[PDB]
Structure formats: C-alpha cells, structure tokens
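Chemist: Below you'll find the structure I mean.
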Amino acid sequence: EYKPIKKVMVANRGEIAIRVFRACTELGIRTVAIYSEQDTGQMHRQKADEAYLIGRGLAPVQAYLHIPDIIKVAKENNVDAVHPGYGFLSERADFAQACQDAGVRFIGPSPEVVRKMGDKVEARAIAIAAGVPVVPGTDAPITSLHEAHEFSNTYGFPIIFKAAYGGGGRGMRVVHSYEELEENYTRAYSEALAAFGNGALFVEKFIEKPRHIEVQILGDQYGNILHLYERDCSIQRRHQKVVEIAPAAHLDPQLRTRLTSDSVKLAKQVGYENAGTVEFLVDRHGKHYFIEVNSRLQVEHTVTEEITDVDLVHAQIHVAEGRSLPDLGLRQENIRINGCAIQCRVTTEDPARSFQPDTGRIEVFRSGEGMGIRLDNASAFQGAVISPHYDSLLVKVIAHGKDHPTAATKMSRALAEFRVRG
Amino acid sequence: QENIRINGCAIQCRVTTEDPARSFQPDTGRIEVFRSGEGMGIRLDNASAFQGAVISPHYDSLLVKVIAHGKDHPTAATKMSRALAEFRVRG
Amino acid sequence: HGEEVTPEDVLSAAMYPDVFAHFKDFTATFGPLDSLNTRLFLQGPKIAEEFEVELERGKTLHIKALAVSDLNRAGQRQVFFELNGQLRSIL
Ligand SMILES: Nc1ncnc2c1ncn2[C@@H]1O[C@H](COP(=O)(O)OP(=O)(O)NP(=O)(O)O)[C@@H](O)[C@H]1O
C-alpha cells in the first residue's frame with residue numbers, strides 16, 4: 001500500500017547475495033552488488049545487474065565494514081532498499097540508524113530493537129520480566145573470585161564461565177573441582193582483560209546433556225506476529241552448528257505448543273516486527289531456559305522454508321513494502337507440516353588434525369542433483385581459488401524426504417555424488 | 001489411496017538445440033559456456049551439458065530438463081521465467 | 001542491416017555509404033569496440049598477463065590469456081581465456 005521499491009542493494013557476499021538476487025529477480029527489482037578488490041573473482045558480481053567496488057584501500061575483512069562508502073554508493077545509484085544479510089553489519093544498530101537518516105529503507109528491525117538486543121543484560125531482564133525462564137546464575141557481570149565462590153556454593157559445583165564482548169566461544173571452560181577453579185578463573189580473567197575488552201564474566205549451571213530448539217518469528221508493522229516452526233541443531237563439534245534437522249526430533253505436543261506460545265509472547269512484548277530467531281534450551285527432564293534472540297535471518301532457515309513451502313525472502317520484502325500479513329494470505333492456521341529436511345554445509349577444514357581450514361585451488365568439480373535435493377553454490381566452479389580471509393563455505397545442501405531415514409539416505413547418496421578434487 | 005494427496009503445482013520444460021526462427025530445425029556444434037540456475041523450488045536434470053561438450057548431429061538433442069514446484073500456477077510460472085533467464089548457453 | 005538505426009546513422013550513411021556498410025558489418029561480428037585500451041586494441045593481450053575491460057557503469061570484467069594451441073587440421077588455432085573465474089576456448 002506504500003511506496004513501492006524499485007532497487008535493492010545488499011552488503012554481504014556468497015550465498016545470501018545469490019538468494020536475494022533470485023528473490024528480487026522474481027519480483028522484477030533491479031539489483032545492486034558490492035565487492036572488495038581482493039574478492040573480485042566470485043559469481044555474485046556477474047549475477048547482479050550492476051557492481052561497484054568498496055574498501056579500495058582497506059583490509060579484506062574490514063572493507064565490508066566501512067559504512068560511509070556503502071552509504072555514498074547507495075546514495076549515488078538511486079538505491080531505495082538495502083538488505084543487511086547476516087555476519088556483516090546486521091547486528092550493529094549504527095548502520096541501521098545511518099541508513100534511516102540517509103532516507104534509504106533497511107530490510108530489518110528498527111535500531112531501537114537492535115540496541116535492546118545484543119548485550120545480554122537487557123534481553124535477560126526482558127526475559128525475566130514475563131515468563132520464559134532463564135538459566136539460574138549471576139545477574140551483574142562477575143570479576144571477583146570471591147563472589148564466584150558464593151555463586152558456586154549456592155547453585156551447584158559444576159559451573160562454566162560465560163564472557164561478554166563477542167558471541168563466539170572464546171574461553172568456555174567448565175569447572176568441576178576447587179583446586180583448578182582458581183587457576184581457571186585467573187586464566188579466563190587474564191584472557192578477557194588482555195585478548196579482549198570488557199572482562200565481564202558470568203557464573204551459571206552447565207547443563208550435562210543440553211538440547212537447544214530454535215523458533216522463527218515473522219512480524220509486521222501492524223502488530224501481527226507469526227511463528228514459522230521449530231528447529232533442532234544439537235550437532236555441535238565444539239559450539240558450532242554442523243548438521244541441521246528441520247522438525248523436532250522427539251518433542252511432546254504440550255512442550256512444542258508451550259514453547260511456541262512463549263516465543264510468540266516474547267516477540268509481542270518486545271514487539272518484534274521482522275524475521276528473527278528465538279533460541280532456547282531443553283534438559284533431559286525438560287526445562288525451557290532462555291538463551292538469546294537473534295534479530296537477523298539465520299543461515300539454517302532453509303529447512304523451515306522447505307517444510308512449510310513458504311518463501312521467507314518474499315515475505316520480508318513484502319512486509320518491508322508495507323503490506324500486512326493477511327494481504328499476503330499467511331495465517332498460522334494456513335500452514336502445515338509436510339515431510340522432513342536435513343541441512344549440511346560443505347567446508348574446507350581438514351577433518352583429521354583439528355578441523356583446521358584448508359586453502360587451495362579447485363581442479364575437478366561436479367555436483368549432485370537429486371529428488372528432494374537442493375543445492376546452493378557459493379563459490380564452487382571449475383578453476384576456483386578459495387581465500388583464507390573469509391569463511392570456507394563451498395555448497396549449502398538441503399535434502400527433503402517423507403521420513404528422517406529417507407532424507408538421510410538421499411543426502412548420503414547426494415554427498416557420494418559430489419566430486420571435489422584439488 | 002488415502003496416503004496420496006495433492007500438494008501444490010508443477011511445471012516441466014526441456015531445453016533443446018533447435019532454431020525457433022526458421023523451421024524448428026535442430027542445430028549442432030560445440031558449447032562454449034554452460035551455467036546452472038538451480039534455486040528454491042527448482043529441480044534440474046542434466047543429461048549432457050558441460051563446458052566444451054559436442055552435440056552429435058544424429059542422436060537426441062535434449063540438453064536439460066527443468067521443473068518447478070510451487071504453491072500456485074503463477075508462482076511456478078515466475079520461477080520458470082527467472083530460472084530460464086538465469087541459464088546461459090552460448091555458441 | 002538495420003535493427004535500431006537512428007537518424008544520426010541515417011545521415012552518416014549518406015556521407016559515405018560503402019565505408020558505413022563495412023564498418024557496420026565489422027562491428028556486428030567482432031563486437032563493441034572503444035572499451036579497450038589503445039595498446040590493447042593495437043597490440044593485443046600479452047600472454048600470462050591479466051587486464052581489465054570496462055563496459056557499463058557496473059558491468060566490469062577481467063581477462064587473462066593462458067596459451068595458444070597449434071594448427072589442428074584446417075589452419076585453426078585454439079586459445080584459452082580465463083574470465084572472472086572460468087575458462088573459455090575459442091577457435
Ligand atoms: N550446557 C550449557 N550451559 C551453560 N551455557 C552453555 C551451555 N551450552 C552452551 N552454553 C553456551 O552456548 C554457547 C553456544 O556457543 P555459540 O554458538 O558460539 O554462541 P552464539 O549462539 O553463536 N552467540 P551469537 O553470536 O550472539 O549468536 C557457548 O558460549 C556455550 O558455552
């Protein structure tokens with residue numbers, strides 16, 4: 001109903017750019033692409049209609065983080081909408097505020113919601129405000145061994161330190177005794193103060209057999225919030241996602257509906273109005289403990305996208321247009337379960353030494369197309385050279401079938417069909 | 001019977017080395033570039049299409065079979081439009 | 001040989017028709033010129049060297065020349081070019 005979008009520009013690289021270009025071409029919207037000098041041999045450059053260079057004299061990883069160049073290139077090319085992707089400016093409210101001040105549309109939540117998210121304190125307070133139980137532990141950041149000692153004495157003996165200033169694993173070590181406790185705390189504090197910024201640490205209860213379930217949330221500006229479905233990704237080598245399964249493995253209907261209701265209530269209370277992810281945690285006895293809320297679109301969205309046969313990028317574009325959810329004809333009672341899907345990622349890590357990423361030149365490449373097999377090629381082609389400056393993703397593969405063993409067997413055949421030499 | 005149910009719509013197309021201009025006459029030669037266009041609900045079956053392939057003048061002239069599954073007829077029609085636009089077979 | 005001829009070309013043809021026809025025939029085959037470097041247009045791409053050609057405001061591309069084959073049977077050579085990330089063979 002509002003000002004239609006005539007041009008969309010994106011600030012990521014690899015598979016997200018390709019996906020959004022397909023989405024825009026489906027709606028007949030002109031595409032604008034950006035790239036760095038050290039990254040001039042990809043495919044998304046020739047896929048779009050026009051391409052421009054950024055970060056001419058910057059670092060290869062820092063070239064995509066320079067806001068003013070993106071702002072001016074968007075201003076000069078009459079760009080109306082910009083997509084943030086994930087992993088590049090998506091979780092920094094400064095870019096969103098600058099885009100809003102520049103008169104360009106931003107595909108995503110308001111800067112206020114982003115600022116509310118991010119740091120764990122505000123999200124944790126909002127969680128305890130209404131339902132959605134969180135893991136027991138300290139509230140304020142802990143920097144003293146004494147208060148850590150009382151916190152360990154009160155709750156339980158096995159504890160793990162969780163740090164701030166970065167969502168990565170960093171120094172996640174678990175304390176099981178007393179003698180190692182002091183030395184581990186001192187080492188973690190030294191690493192936080194030296195290798196990182198704020199030495200904010202928190203003491204909590206490490207779950208012996210964790211199981212985390214994700215839920216997607218889609219919102220509009222008319223105060224309508226719809227949950228897509230749940231996700232399980234318990235396969236973690238250390239703390240990173242490896243293999244994704246689309247539906248719940250074995251969840252009680254009461255558990256799944258209660259989790260859905262809690263996620264919807266949290267989204268409504270925060271008033272989220274775009275596509276985001278809500279992360280929880282399930283114990284063997286069963287206790288949904290809040291972890292965090294992702295304000296961007298996750299890379300593992302394709303499983304839910306395939307189960308419900310709903311295109312999320314089209315939904316995001318149309319909701320950024322202004323059209324309400326009923327206009328799109330998307331209703332919570334209009335979606336249903338259809339089959340199962342398994343998601344896997346092709347990396348260039350040596351699977352023997354330490355999962356250490358490898359570098360080289362691809363000599364032989366063939367791909368496997370199957371029945372419920374869908375492929376997303378990032379930079380895989382004949383005579384390609386992979387750079388160590390960025391991540392090491394070749395192909396994102398999704399396998400869909402009527403049953404979990406069926407999808408597993410189909411994916412096994414598909415990977416057996418893949419042929420990468422060099 | 002009860003376990004079979006309709007779910008969505010589908011469109012099927014085949015690419016062929018024939019000239020739609022004069023008489024739908026088949027053409028022979030060597031391909032110099034080939035690219036794929038697989039997407040969200042796009043299924044592709046490649047018979048013989050690779051860089052530097054040679055098309056025999058006496059056998060079948062089928063290269064690729066493309067299929068779209070979508071929620072509605074216009075949706076799948078648009079997916080075929082975009083996928084066929086993405087494909088590039090020159091020479 | 002007219003598909004989008006403008007009045008400017010109409011007036012140019014009345015000036016020198018023969019060279020206009022020759023120029024149009026040459027441009028149709030080898031493609032759009034005056035996007036190349038002058039030394040590139042006169043001398044050509046030296047082997048094992050990569051250069052850049054600018055086409056439109058965003059359409060920008062790179063070429064690297066690899067090697068040249070020998071005469072096969074009919075006085076024909078094969079040349080291997082390396083585009084942005086791919087390999088093409090021309091005769
Ligand atoms: N059983 C557990 N008990 C307490 N904390 C845990 C437990 N398991 C995992 N955590 C934390 O869960 C986190 C998962 O790691 P990681 O996936 O890298 O964070 P993340 O979700 O990506 N954060 P972000 O980047 O903001 O999205 C690690 O810090 C783990 O230490």
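Residue numbering restarts at 1 in every chain; chains get A, B, ... in the order shown in the structure tokens, and ligands count up from 1 in that same order.
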Out of range 2-82 of chain B, which residues get strand (DSSP E or B) from DSSP, as a ChimeraX atom specification?

Modeler: /B:9-16,18-19,25-26,30,33-34,42-46,54,62-70

Chemist: Using only C-alpha atoms and all ligand atoms, find each protein or nucleic acid residue lying at most 10 Å from ligand 1; present the set as a PyMOL selection string.

Modeler: chain A and resi 87+91+117-120+135-137+158-174+203-212+236+238-241+277+279+281-283+289+291-296+298

Chemist: Suppose we keep C-alpha atoms; can you now write the selection as a JSON list (two decimals), in the first residue's frame?

Modeler:
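Here's the written file part-v5.json:
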```json
[["chain", "number", "residue", "atom", "x", "y", "z"],
["A", 87, "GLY", "CA", 27.53, -11.54, 9.77],
["A", 91, "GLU", "CA", 23.84, -6.70, 14.49],
["A", 117, "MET", "CA", 19.05, -6.91, 21.76],
["A", 118, "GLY", "CA", 22.77, -7.62, 21.53],
["A", 119, "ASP", "CA", 24.09, -7.24, 25.06],
["A", 120, "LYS", "CA", 22.78, -9.98, 27.35],
["A", 135, "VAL", "CA", 19.31, -20.36, 33.38],
["A", 136, "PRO", "CA", 19.99, -19.64, 37.08],
["A", 137, "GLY", "CA", 23.12, -17.62, 37.74],
["A", 158, "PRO", "CA", 29.86, -27.77, 38.11],
["A", 159, "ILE", "CA", 29.94, -24.25, 36.66],
["A", 160, "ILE", "CA", 31.08, -22.60, 33.44],
["A", 161, "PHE", "CA", 32.25, -19.02, 32.91],
["A", 162, "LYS", "CA", 30.47, -17.14, 30.13],
["A", 163, "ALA", "CA", 32.07, -13.95, 28.80],
["A", 164, "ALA", "CA", 30.84, -10.77, 27.14],
["A", 165, "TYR", "CA", 32.22, -8.69, 24.24],
["A", 166, "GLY", "CA", 31.66, -11.24, 21.49],
["A", 167, "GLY", "CA", 29.22, -14.09, 20.88],
["A", 168, "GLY", "CA", 31.91, -16.61, 19.96],
["A", 169, "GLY", "CA", 33.02, -19.44, 22.20],
["A", 170, "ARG", "CA", 36.15, -17.67, 23.47],
["A", 171, "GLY", "CA", 37.11, -19.16, 26.87],
["A", 172, "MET", "CA", 34.20, -21.52, 27.64],
["A", 173, "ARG", "CA", 35.69, -23.90, 30.18],
["A", 174, "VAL", "CA", 33.82, -25.83, 32.87],
["A", 203, "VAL", "CA", 28.78, -17.94, 36.53],
["A", 204, "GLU", "CA", 25.93, -20.32, 35.70],
["A", 205, "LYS", "CA", 24.95, -24.00, 35.72],
["A", 206, "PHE", "CA", 26.31, -26.10, 32.85],
["A", 207, "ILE", "CA", 23.64, -28.49, 31.57],
["A", 208, "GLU", "CA", 25.00, -32.03, 31.41],
["A", 209, "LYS", "CA", 23.00, -33.03, 28.30],
["A", 210, "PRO", "CA", 21.93, -29.83, 26.52],
["A", 211, "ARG", "CA", 19.45, -29.67, 23.65],
["A", 212, "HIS", "CA", 18.57, -26.29, 22.11],
["A", 236, "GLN", "CA", 27.96, -29.21, 17.60],
["A", 238, "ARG", "CA", 32.58, -27.70, 19.95],
["A", 239, "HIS", "CA", 29.99, -24.87, 19.90],
["A", 240, "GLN", "CA", 29.24, -24.50, 16.17],
["A", 241, "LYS", "CA", 26.38, -25.78, 14.04],
["A", 277, "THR", "CA", 15.17, -16.33, 15.66],
["A", 279, "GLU", "CA", 16.85, -19.74, 20.95],
["A", 281, "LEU", "CA", 17.50, -24.95, 25.74],
["A", 282, "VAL", "CA", 15.95, -28.29, 26.76],
["A", 283, "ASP", "CA", 17.15, -30.59, 29.54],
["A", 289, "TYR", "CA", 15.71, -21.97, 29.58],
["A", 291, "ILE", "CA", 19.43, -18.12, 25.84],
["A", 292, "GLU", "CA", 19.06, -15.18, 23.42],
["A", 293, "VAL", "CA", 17.03, -13.84, 20.50],
["A", 294, "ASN", "CA", 18.57, -13.48, 17.04],
["A", 295, "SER", "CA", 17.48, -10.28, 15.31],
["A", 296, "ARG", "CA", 18.72, -11.36, 11.85],
["A", 298, "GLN", "CA", 19.66, -17.38, 10.32]]
```

Chemist: Just list as a list in words whatever in range 36-87 of chain C DSSP marks as helix (DSSP H, G or I).

Modeler: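 Written out, the helix (DSSP H, G or I) residues of range 36-87 of chain C are residues 38, 39, 40, 41 and 42 of chain C.
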
Chemist: I'd like the contact shell of residue 15 in chain B - 7 Å cut-off, only C-alpha atoms, skipping same-chain residues fewer than 5 positions apart - returned as a PDB file with N, CA, C and O atoms, in the first residue's frame.

Modeler:
```
ATOM      1  N   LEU B  62      18.285 -33.271 -26.671  1.00  0.00           N
ATOM      2  CA  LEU B  62      17.859 -32.796 -25.362  1.00  0.00           C
ATOM      3  C   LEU B  62      19.087 -32.521 -24.506  1.00  0.00           C
ATOM      4  O   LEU B  62      19.986 -33.363 -24.410  1.00  0.00           O
ATOM      5  N   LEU B  63      19.124 -31.340 -23.889  1.00  0.00           N
ATOM      6  CA  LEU B  63      20.218 -30.963 -23.002  1.00  0.00           C
ATOM      7  C   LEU B  63      19.834 -31.085 -21.530  1.00  0.00           C
ATOM      8  O   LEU B  63      20.470 -31.829 -20.780  1.00  0.00           O
ATOM      9  N   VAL B  64      18.801 -30.364 -21.102  1.00  0.00           N
ATOM     10  CA  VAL B  64      18.461 -30.233 -19.689  1.00  0.00           C
ATOM     11  C   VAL B  64      16.948 -30.283 -19.522  1.00  0.00           C
ATOM     12  O   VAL B  64      16.196 -29.761 -20.356  1.00  0.00           O
ATOM     13  N   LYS B  65      16.504 -30.925 -18.437  1.00  0.00           N
ATOM     14  CA  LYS B  65      15.099 -30.951 -18.043  1.00  0.00           C
ATOM     15  C   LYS B  65      14.954 -30.164 -16.745  1.00  0.00           C
ATOM     16  O   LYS B  65      15.579 -30.501 -15.735  1.00  0.00           O
TER      17      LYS B  65
END
```

Chemist: Could you check the closest approach to chain C for each of A:250, A:353, A:92, A:47 and tell me which residue wins, using only C-alpha atoms?

Modeler: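 Among A:250, A:353, A:92, A:47, it is A:47 that comes nearest to chain C.
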
Chemist: Find the residues near residue 74 in chain B: any atom within 12 Å, counting only C-alpha atoms, skip ones fewer than 5 places away on the same chain, and give them as a VMD selection string.

Modeler: (chain A and resid 26) or (chain B and resid 8 to 11 68 to 69 79 to 81)
